[PDB]
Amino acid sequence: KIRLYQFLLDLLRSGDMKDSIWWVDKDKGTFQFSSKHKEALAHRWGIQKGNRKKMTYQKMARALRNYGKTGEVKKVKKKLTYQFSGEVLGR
């Protein structure tokens, strides 16, 4: 099954939900969620995973925070903004 960070990277590469997520500085791997349209993206994540409950942005970001220690995705000190690692971006 696809990992959350790869789901997000794939959306950014495909442009499929441009009103929900976008690059801020693509060369640095920083990206930002839409305040108003992030829930539709969270719903898509849960449906893709076949999860029992409806996915929410809060639960998706709870998972995102678990990448902080291993490095794939880190929170940036800007609203709704995160950053992929160079390793993640190289693949």
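Don't overthink the numbering: it's just position in the shown sequence, from 1.
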> Which is higher on average in the deposited entry, the C-alpha temperature factors of 21-29 or of 8-16?
Replying inline: 8-16
>> For the chain shown, is the CA B-factor of residue 59 in the lowest, middle or highest third of its modelled residues?
In response: lowest
> In terms of the chain's CA B-factor thirds, is residue 49 lowest, middle or highest?
Replying inline: middle
>> Per the entry's values, where does residue 38 land by CA temperature factor relative to the rest of its chain, in the lowest, middle or highest third?
In response: lowest
